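Student:
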Amino acid sequence: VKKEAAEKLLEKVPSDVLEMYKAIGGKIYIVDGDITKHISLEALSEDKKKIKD
Amino acid sequence: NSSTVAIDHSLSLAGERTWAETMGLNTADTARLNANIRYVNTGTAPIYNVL
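The listed protein sequences correspond, in order, to chains L and A.
With the authors' numbering applied, the first sequence covers 54 to 106.
With the authors' numbering applied, the second sequence covers 328 to 378.
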């Protein structure tokens, strides 16, 4: 009789395609602190306000 | 008793087109508002620097 030999049908593995999608990449955006300056006097005042006759 | 000696060469041309869509959201900052308003004086004296 003649031997099969068996060279196989399956080629490589999914693992390369699996690794392709497995890509995670970079996520999220900068927020919160930004720059922050601010300056004006809407908080408190100062002006002569007494009483007399 | 047999002995089989073999060799293979191979090519592969893989073309791929990928479409992707993403919708991000933050539950605390979903919406921003804007009002369209007017000021009405039904009184008798005028008022200045209205806030």
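Don't be surprised by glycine CBs; every beta carbon is placed ideally from N, CA and C.
Tell me whether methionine 350 of chain A sits in a helix, a strand or coil according to DSSP, three-state version.
Tutor: Correct three-state label for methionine 350 of chain A: coil.
Student: Does the segment 56-64 of chain L come close enough to the segment 328-343 of chain A to have 3 or more Cβ pairs within less than 8 Å?
Tutor: yes
Student: Flag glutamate 64 of chain L as yes if its beta-carbon sits less than 9 Å from any beta-carbon of chain A, otherwise no.
Tutor: yes
Student: With distance defined between alpha-carbon atoms, name the residue in A:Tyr366, A:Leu340, A:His336 nearest to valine 377 of chain A.
Tutor: A:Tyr366
Student: Rounded to whole angstroms, what's the CA-CA distance from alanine 333 of chain A to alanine 76 of chain L? Just pull it up for me.
Tutor: 37 Å
Student: Please go through the same chain and pick out, in chain order, the residues whose beta-carbon is closer than 6 Å to the beta-carbon of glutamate 95 of chain L, but skip the five residues on each side of it.
Tutor: The same chain holds no residue with a CB closer than 6 Å to that of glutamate 95 of chain L once the five nearest residues on each side in sequence are set aside.
Student: Alpha carbon to alpha carbon, what distance is there between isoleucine 81 of chain L and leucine 352 of chain A?
Tutor: 12 Å
Student: Check the Cβ-Cβ distances between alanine 58 of chain L and every residue of chain A, and say whether any is below 9 Å.
Tutor: yes
Student: Hey, quick one: how far does the alpha helix (DSSP H) through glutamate 72 of chain L stretch, first residue to last?
Tutor: 68-74
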